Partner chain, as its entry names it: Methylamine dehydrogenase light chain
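Single chain ahead, written as structure tokens, the form solved without the partner chain.
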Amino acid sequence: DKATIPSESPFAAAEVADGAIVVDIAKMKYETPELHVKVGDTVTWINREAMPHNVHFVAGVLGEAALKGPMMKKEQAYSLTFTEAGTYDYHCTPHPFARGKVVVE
């Protein structure tokens, strides 16, 4: 694939390491809708709100299958490690007007 998944299910925001590359989900949006990272970097999304949110990459983007991330509860996190350069668009499954991309260089 173009990314590996450190944790298949969400984990506590408070457990996210200092230094992590974090995208906040707040105000019903990805607060960094265009993020540029380097190959090998891990991106961590953190849901700051009460409604559950995820990240969802359609098939062919991160790999053959869609990556429909797990629903993060408030103050939960979810990470992806990008292993190949590319431009990877995603959206929130419950709230698909919220869209983002990770550009991996």
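Numbering follows the first chain given and starts at 1.
In this crystal structure, the stretch out of 90-98 and 12-20 whose C-alpha atoms carry the higher mean B factor is 12-20. Per the deposited coordinates, the residue with the largest Cα temperature factor out of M28, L80, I46, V61 is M28.
Looking only at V55, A50, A66, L35, the residue with the top Cα B factor in the deposited structure is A50.
The protein also exists as the form solved in complex with the partner chain; that form is not presented, and the subsequent description refers to it.
When the partner chain is considered in the deposited bound form, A65 lies well away from it, no heavy atom lying within 4.5 Å. Among residues of the shown chain, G86 is not one whose heavy atoms approach the partner chain to within 4.5 Å in the deposited bound form.
The partner chain is not shown here, and in the deposited bound form it never comes within 4.5 Å of any heavy atom of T81. Contact between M71 and the partner chain in the deposited bound form is found at the 4.5 Å heavy atom cutoff.
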